[PDB]
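Sequence positions in the first sequence follow the authors' numbering and run 3 to 115. Even for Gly, the Cβ is constructed at its ideal location relative to N, Cα and C. The next block holds one structure in the form of structure tokens; read it before the comments.
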Amino acid sequence: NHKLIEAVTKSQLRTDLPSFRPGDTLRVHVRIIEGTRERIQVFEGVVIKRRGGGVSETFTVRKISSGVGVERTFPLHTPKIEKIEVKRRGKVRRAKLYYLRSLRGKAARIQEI
RNA sequence: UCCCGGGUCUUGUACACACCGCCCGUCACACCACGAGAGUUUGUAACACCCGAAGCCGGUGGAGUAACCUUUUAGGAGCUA
């Protein structure tokens, strides 16, 4: 980039994370503070959006919770994500999958590899 | 000729407080049940199409896998995911 923005933002660029592409179903562990403890709550769904932009890149993972679909967007280098692990790998022919925001239950399936 | 009065055989009467009788119909006030009434509201029994959780059966991309066969260190047949 400008090589002065980039030289300051390399301590805040946290790299210990696996590699993936859209069309994959992750399993996030976030660290909420809601409670007597400071518990760790999972989230499981399929990835829609990017992983690029620099030190500001964000992904997007959605699931069908209890009838009503939900989405979550995370900054990739937060201290709030504990770890990321992969369930299954797909083949989607796209880079951003917005067409799963209207498909019902057996049309929102993505094949494996 | 019969009116305020009366006596005889007969007819007709839905009257017998026996004509100063008997009963008929809207209007007025009051109770009571009902049909019509723009709508609104609660229910049952279905048909049409879309979405298909379980669950035996049909098909099993492939990671694993005691029995039986052989090269048995091996593989393999058969299974479940």
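Residues in the same chain with beta-carbon distance under 7 Å from residue i, minus the five sequence neighbours each way, listed in chain order, please.
i   : result
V72 : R64, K65
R16 : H79
Determine the direct distance from the alpha carbon of residue j to that of residue i, and round the result to whole angstroms.
i   : j   : result
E59 : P77 : 6 Å
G54 : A97 : 12 Å
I83 : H31 : 6 Å
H4  : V10 : 11 Å
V57 : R74 : 19 Å
In the DSSP output, what is residue i paired with across the bridge?
i   : result
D26 : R91
Measuring alpha carbon to alpha carbon, tell me which of the options ends up nearest residue i.
i    : options           : result
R111 : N3, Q14, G25, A9  : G25
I50  : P20, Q14, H4, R95 : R95
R106 : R33, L19, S68     : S68
So, at 8 Å on beta carbons, what are the nonlocal neighbours of residue i in its own chain, with the 5 sequence-adjacent residues on each side left out?
i    : result
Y100 : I50
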